[PDB]
Amino acid sequence: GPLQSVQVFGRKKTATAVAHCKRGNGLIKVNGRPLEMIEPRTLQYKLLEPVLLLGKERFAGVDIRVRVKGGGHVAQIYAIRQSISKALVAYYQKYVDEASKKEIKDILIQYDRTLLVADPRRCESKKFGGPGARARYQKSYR
Amino acid sequence: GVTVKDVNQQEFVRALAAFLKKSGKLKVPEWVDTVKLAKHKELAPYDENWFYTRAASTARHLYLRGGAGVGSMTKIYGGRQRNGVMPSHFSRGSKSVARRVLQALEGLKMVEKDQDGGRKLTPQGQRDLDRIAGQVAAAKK
Amino acid sequence: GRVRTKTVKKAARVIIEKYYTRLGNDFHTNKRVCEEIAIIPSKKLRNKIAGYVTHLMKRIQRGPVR
Amino acid sequence: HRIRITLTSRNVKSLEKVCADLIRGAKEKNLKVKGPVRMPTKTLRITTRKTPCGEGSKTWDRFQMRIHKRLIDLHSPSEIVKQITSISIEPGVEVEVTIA
Amino acid sequence: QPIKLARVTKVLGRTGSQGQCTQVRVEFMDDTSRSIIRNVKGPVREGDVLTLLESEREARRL
Amino acid sequence: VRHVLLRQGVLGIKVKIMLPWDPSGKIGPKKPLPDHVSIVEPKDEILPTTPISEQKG
Amino acid sequence: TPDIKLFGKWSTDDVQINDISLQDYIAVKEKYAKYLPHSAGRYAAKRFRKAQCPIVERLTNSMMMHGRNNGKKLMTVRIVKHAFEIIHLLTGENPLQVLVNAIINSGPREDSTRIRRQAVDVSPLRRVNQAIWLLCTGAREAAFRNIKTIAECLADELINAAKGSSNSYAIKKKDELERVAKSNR
RNA sequence: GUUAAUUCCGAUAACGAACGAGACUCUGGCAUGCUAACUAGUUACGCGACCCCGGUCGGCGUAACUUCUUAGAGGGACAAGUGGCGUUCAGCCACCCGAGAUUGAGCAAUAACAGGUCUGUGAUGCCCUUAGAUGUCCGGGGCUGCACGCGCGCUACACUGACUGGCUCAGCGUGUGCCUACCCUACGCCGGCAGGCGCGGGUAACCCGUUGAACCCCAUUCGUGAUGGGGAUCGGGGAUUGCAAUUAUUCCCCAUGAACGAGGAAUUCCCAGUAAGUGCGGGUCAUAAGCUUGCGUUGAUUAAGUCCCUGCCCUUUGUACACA
Ligand SMILES: [Mg+2]
Ligand SMILES: [Mg+2]
Ligand SMILES: [Mg+2]
Ligand SMILES: [Mg+2]
Ligand SMILES: [Mg+2]
Ligand SMILES: [Mg+2]
Ligand SMILES: [Mg+2]
Ligand SMILES: [Mg+2]
Ligand SMILES: [Mg+2]
Ligand SMILES: [Mg+2]
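Throughout, a per-chain count from 1 in the order the sequence is written supplies the residue numbers; the entry may number residues differently, and those without coordinates are omitted. Key to labels: chains lettered from A, ligands numbered from 1, both in the order written. All values in this description refer to the chains shown, which are themselves only part of a larger assembly. For the side-chain quantities, the full set of heavy atoms in the structure was used; hydrogens and water were omitted.

Structure determination for this PDB entry was carried out by cryo-EM, with a resolution of 3.7 Å recorded in the header.

Under the annotation held in the PDB entry, chain D carries the name Ribosomal protein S20 and is attributed to Oryctolagus cuniculus. This entry's official PDB title is "Structure of XBP1u-paused ribosome nascent chain complex with SRP".

Identification of chain B as eS19 from Oryctolagus cuniculus is taken from the PDB entry.

K.L.:
Quick question: what am I supposed to make of the protein's contact with RNA strand H here?
P.N.:
The environment of RNA strand H is made up of 197 residues, and the closest members are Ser88(B), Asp130(B), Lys9(C), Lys46(G) and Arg68(G). Working definition: residue near molecule or strand if any one of its non-hydrogen atoms lies within 4 Å of it. Backbone atoms, meaning sugar and phosphate, make up 75% of the atoms of RNA strand H lying within 4 Å of the protein. Here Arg2(C) contributes a side-chain N or O atom positioned 2.7 Å from a phosphate oxygen of RNA strand H. Any N or O atom pair separated by 3.5 Å or less is treated as a polar contact, with the protein-specific requirement of one donor-capable and one acceptor-capable atom, and with residues adjacent in sequence counted only for side-chain atom pairs. Between RNA strand H and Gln8(F), the relevant distance is 2.8 Å, taken from a sugar or linking oxygen to a main-chain nitrogen or oxygen of the residue. Comment: elements are numbered from the N terminus, with helices defined as DSSP H or I runs of at least four residues and strands as E runs of at least two. If one sorts the elements of the surface near RNA strand H by residue count, helix α3 (residues 43-62) of chain C sits on top with 12 residues. When residues are sorted by character, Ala, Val, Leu, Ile, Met, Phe, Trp, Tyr, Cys and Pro go into the nonpolar class, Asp, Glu, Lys and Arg into the charged class, and all the rest, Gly among them, into the polar class. The class makeup of the residues in the surface near RNA strand H is 60 nonpolar, 63 polar and 74 charged.

K.L.:
I would appreciate a short explanation of the packing of aromatic side chains in the present structure.
P.N.:
Any aromatic ring pair is given by two values, namely how distant the centres are and how the planes are angled relative to each other. The criterion for an aromatic pair is that two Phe, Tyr or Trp rings (for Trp, the six-membered ring) have centres within 6.5 Å, with stacked assigned to planes under 30 degrees apart, edge-to-face to planes over 60 apart and tilted to the rest. Counted by the stated rule, this structure contains six aromatic pairs over all chains. Ring plane angle 50° and centroid distance 5.8 Å describe the contact between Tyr91(A) and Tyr92(A), whose orientation is recorded as tilted. Its relative accessible area of 11% is what places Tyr92(A) among the buried residues. Ring geometry for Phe7(G) against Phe84(G): centres 6.0 Å apart, planes inclined by 65°, an arrangement best described as edge-to-face. The cut-offs for exposure are 20% and 50% of the maximum accessible area for each residue type, with area from a 1.4 Å probe on protein chains only; residues under the lower value are buried, those over the upper are exposed, and the others partly exposed.

K.L.:
I'm lost on the nonpolar core in this one. Help?
P.N.:
Proteins that are soluble and globular tend to have nonpolar side chains buried together. In terms of nonpolar packing, the biggest core is built from 41 residues, with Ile64(A), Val66(A) and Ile80(A) touching the most fellow members. Of all the secondary structure elements, the ones that give two or more residues to this core are β1 (6-11), β2 (16-23), β3 (28-30), α1 (45-54), β5 (62-69), α3 (73-94) and α4 (98-111) of chain A. In terms of residues, this core owes the most to one element, α3(A), which gives 11 residues. Aside from chain neighbours lying at most four places away, what touches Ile64(A) is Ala19(A), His20(A), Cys21(A), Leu27(A), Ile28(A), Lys29(A), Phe59(A) and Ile84(A). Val80(G), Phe84(G), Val98(G) and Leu135(G) belong to the second-largest nonpolar core, a separate cluster that totals 40 residues. Residues belong to a common nonpolar core when they are buried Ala, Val, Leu, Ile, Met, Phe, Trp, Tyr or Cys residues joined through side-chain atoms within 4.5 Å. Working rule for contacts: check all heavy atoms of both residues, and any pair within 4.5 Å makes them a contact.

K.L.:
Any chance you could explain unusual backbone geometry here in plain terms?
P.N.:
For residues besides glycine, phi is generally negative; the peptide bonds are generally trans as well. Cis rather than trans, the peptide bond between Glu39(A) and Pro40(A) has omega equal to 0°. Inspection of the secondary structure assignment puts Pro40(A) in the loop between β4 (33-34) and α1.

K.L.:
Could you clarify how one ought to interpret empty space enclosed by the protein in this entry?
P.N.:
The gaps left among the atoms become clear once a water-sized probe is rolled over them. Residue and element names in this part refer to chain G. In this analysis the probe radius is 1.4 Å and the grid spacing 1 Å, with only protein atoms considered; a cavity is a set of points the probe fits into but cannot get out of, a pocket is an open set with protein on both sides within 12 Å along at least five of seven lines, and lining residues have an atom within 4 Å of a point. Grid points are joined across faces, edges and corners, and a volume is the space filled by probe spheres set on the points. Space inside the largest cavity adds up to approximately 120 Å³. In this structure, the largest cavity is lined by 15 residues; those nearest its centre are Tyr32, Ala33, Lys34, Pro54 and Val56. When residues of the lining of the largest cavity are assigned to their parent elements, the largest contribution, three residues, is made by helix α1 (residues 55-63). Looking at side-chain class alone, the lining of the largest cavity contains 11 nonpolar, two polar and two charged residues.

K.L.:
Even after reading the chapter, I still don't get the packing of helix α4 (residues 124-143) of chain G against helix α5 (residues 150-163) of chain G, so can you show me in this structure?
P.N.:
Each pair of packed helices can be summarised by the angle the axes make with each other and by the distance between the axes. Residues and elements named next belong to chain G. Angles here are taken between N-to-C directions and fall from 0 to 180 degrees, while the axes themselves are lines fitted to C-alpha atoms, restricted in helices to the stretch in contact. Between α4 and α5, the least distance of the axes is 8 Å, while the angle of their chain directions is 135°. Classified by the interaxial angle, the pair formed by α4 and α5 is oblique. Judged by the sense of rotation from one axis to the other, the crossing of α4 with α5 is right-handed. Residues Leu135, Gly138, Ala139, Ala142 and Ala143 of α4 form the contact with α5, whose own contacting residues are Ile150, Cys153, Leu154, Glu157 and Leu158. Of the residues in the contact of α4 with α5, the class split is eight nonpolar, one polar and one charged. Throughout this description, any angle smaller than 35 degrees is read as roughly parallel, any larger than 145 degrees as roughly antiparallel, any in the 65 to 115 degree range as roughly perpendicular, and the remainder as oblique. If you view the pair so one helix is near and one far, a crossing is left-handed when the near helix is turned anticlockwise from the far one by less than a right angle, and right-handed when it is turned clockwise.

K.L.:
I keep staring at a positive patch on the surface and nothing clicks. Help me out?
P.N.:
All names here are of chain C. Note on patches: the residues involved have over 30% relative accessible area and no salt bridge, like charges join within 9 Å, and the nonpolar side chains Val, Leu, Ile, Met, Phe, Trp and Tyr join within 5 Å. For every accessible area listed, the method is Shrake-Rupley and the probe measures 1.4 Å; residues are considered covered only by the protein chains on display. Salt bridges are counted wherever a side-chain nitrogen of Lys or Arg sits within 4 Å of a carboxyl oxygen of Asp or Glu. Counted charges follow a simple rule, with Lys and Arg positive, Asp and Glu negative, and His plus the chain ends left uncounted. The atoms used to mark charge sites are NZ of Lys, CZ of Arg, CG of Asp and CD of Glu. Together, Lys6, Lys10, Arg13, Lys58, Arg59 and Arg62 make up a positively charged patch on the protein surface. For the positive patch, the secondary structure elements donating two or more residues are α1 (6-18) and α3. Mapped onto the elements of the fold, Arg59 is located in helix α3.

K.L.:
Before we go on, may I ask you to explain the sheet that holds β1(A) in this structure?
P.N.:
Across a sheet, strands are paired by hydrogen bonds formed along the backbone, either parallel or antiparallel in direction. Spatial strand order, β1-β2-β5-β3-β4 (chain A): five strands in an open sheet with mixed pairing. Strands with a single pairing partner mark the edges of an open sheet, and in this sheet they are β1 and β4 of chain A. Two strands pair under a simple rule: DSSP has to find at least two bridges between them.

K.L.:
Looking at this structure, I do not really get the pattern of salt bridges. What am I missing?
P.N.:
Opposite charge on two side chains permits them to pair, given that their charged atoms come into close proximity. Counted by the stated rule, this structure contains 24 salt bridges over all chains. One salt bridge in this structure joins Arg38(E) and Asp121(G), with 3.1 Å as the shortest N-O distance. Residue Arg38(E) is found in strand β3 (residues 35-41), and its partner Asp121(G) is found in strand β4 (residues 118-122); the two belong to separate chains. Classification of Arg38(E) as buried rests on a relative accessible area of 3%. Residue classification places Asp121(G) among the buried positions, given a relative accessible area of 0%. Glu178(G) serves as the salt-bridge partner of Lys174(G), at 3.3 Å between the closest nitrogen and oxygen. Of this pair, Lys174(G) and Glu178(G) both sit in helix α6 (residues 169-183), separated by four residues, roughly a single helical turn. Because the salt bridges share partners, they merge into one network encompassing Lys46(A), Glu49(A), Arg81(A), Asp112(A) and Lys34(G).

Now the structure itself:
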């Protein structure tokens, strides 16, 4: 009946990933495909981290659809990593009690701050007289 | 059932290449066996049936997004142009090879030319792609 | 170096001298009070003045100020 | 009926004052008006040398010109649009009135 | 010359020529009454154990 | 920054004039200086030690 | 497994740190072990926040060196994972315990410096960093111009450093620095 | 005493001041809150396609809204709260709450160099020339010449690598001209490619374009051999730009296959999204990036100190130096 639509964004350096939680069965997919095929495959358990920490009981009633744009591979992986966890925390804050939300927030914070708080580090601007931001060109004496 | 997005694509393109091996009526050109696929590539491919594998990849790219013409196919098949003593850049692929792939997929009904330019994928091609997606799913189960 | 300048400190002393009754211990209250009573152009200078007002009020609650 | 005003300006608060004045004019003349739609601004970037000749340390200027473009869709006839846009315009804002 | 462990209880100051050696007061965890001062390379915080190959040496305090 | 052409050579003139602040903005800029903190004088109030009323209407 | 964490297929527990001097600066037990050695960052902000970084992540970060390999962290995660596989298939123990024993053995307890050189005992964090640098340098020297792969070389260097049979380049440089410091003191 | 600071506290023959620093502007974050939107969408429905009620669609259309899109007003961070150090002042460290508890750039004082620029100017003094011209126009050559040394950079010396296929993600940006003759290009055929032929779109959140960039990921081929590393040199041919490419303008194909096995004395740059790897836009551009300027991806080692060297800023000391 009532639509329990929760839209929560997650941000890396440039990649943005908006997760969407509803009432449904225990399926999680990103850009129309589930988590089992997101290359590179070395960061598969990194994607499975909220499921491994919280169990399948919390994710059984929540279905998550994520739209992603920007960044690179590791940027999008860590963007959906942060976004599905923040979306589950916002869903359990809005539609069920705040105690389980606080317990899940404690479980996420005791693992990693990256799962909830986004990293404010972005690319420093390149300056004149150098190939990079801090590095200068090779000064030639004599 | 399932879709191709639930299917691992790396063996899926080989499965559709095996499906084109089973079909065998794509009407391959004469200059397939000796041509180099790009201005930035160096050698001929190690595989003798690279045309069927690239037609498989063309089919699943046109399934993921339609209206992709020859410029978009050279964009998806571009790569590093190793200029030797000069630094490398991005270089698009050959136009005529993807042109012959689209002519084969227009010959046997897997794609169709769409309005406002480009190639879309026909429901017969969608039927065959979901059938072989179920085949790869039953293989990996 | 988070050291307040003389344009912060003398103006804060003038504010506390003229408006000792209005100001208090809470930063977010006396910040808005200093915003109301004083014409401060920028928010960063306003925050520096409000912080030095809070610190001088702590000094007043501790003892006499020269 | 659907007349499109395009407001292009270099200064920011003057353009905001002009589009707010057009909003207040549409509200006083009682017509259906859309919100002031912002476009992504454009930064004209020129990077030249500071030194007129070639002999100096490698220093570089960054001349920026930021331009801004808002748009307002009006549901009103042409005479109302001309009467509103004739009144209270300032030189920083260029107005482009499209009838269609 | 046996090997003895010693816990840092107080860092004194930067020593060495280029400023690369921390002057460190160490309390021995074997004999808790005896304590010495030695120069230590590396980042040293209060409350960690060094594995001294000999306890008989002592750095000169400046 | 201006030039002048004398007989012997060419001289440059640089005139820099700081405009004073005004509330109107005709003789100078409208915005005050970032260092000038304008603090107004408090009005002379007399604290009442006796509670009274001002009932009206 | 929500309670206990599994590093891939490896257990966080049953890891005995022998040296009590290297107990706090080896971040491997019960809080700092994760599923992958990959992470986000931020460990180089504070002075001793580098001690809170886990040692597998520190080896993963110190492996990528020498120009062509800088910024391939997924690739050196693959290297460290296959190296742990080869360590298990040769020794038959916990690869994490083998790496902790390799750090404890390959870490030099003293060094010499300019105060003519005088010998001083080093910090335990500096000792961990020196061990991570030396075993990586030995593994890269063994893998350079060789049929033997980088995973096999890193596995052989960690196993030789855990054994202490004086066949590893890290153990050899550790004994060389310890002998020089024993001489000039 | 303190600070990045002549920044403050405090003393005081000084008082009252001024530039600079700081303050300021822009940029980066954080606001599930305000204003916004058919040149961005979101989620719901109505269809359509496919698979065995459900899943996908950048396939179509519309229903509220702005989380993702953009840009405006605001706000937010101040050593404010705590525990210590400190004349209990100026201030310093750590911690809780928290997106930040030093983000980066611009601007930048007095006095000077006999620093560079007359080859930026119809800015210009003086000198030279001014018709067989140092004025101006045209053709060709040169600025590319090669026993030699130096400098800024690129390619690499490989197995953590190369080749061949498959997967897969970006952001700064730019785009049809006063003279001006020169734009970005979608799509369909011809050709292996460089490219050519026709209809279109775009004066720009409309079109190129969801900018399907590389590094990387996955799977074969290679086996420590100057090797499938590396592509210098050179021959033959085929295209585009321009009136004109020869001293090959550039690009494409085949073939030729050198040194180089991690580099001596010496030296450059740097500490957080930093160095480095990596590619993409702008300038030069008719043809054009081994340069420069910006942007994006992957992304570390070590350091929270010092005057040892190189130098700088205050105080004292000595001077036979003051073009010091
Ligand atoms: Mg490619
Ligand atoms: Mg090898
Ligand atoms: Mg001069
Ligand atoms: Mg001179
Ligand atoms: Mg000529
Ligand atoms: Mg020249
Ligand atoms: Mg060869
Ligand atoms: Mg090669
Ligand atoms: Mg140049
Ligand atoms: Mg003397």
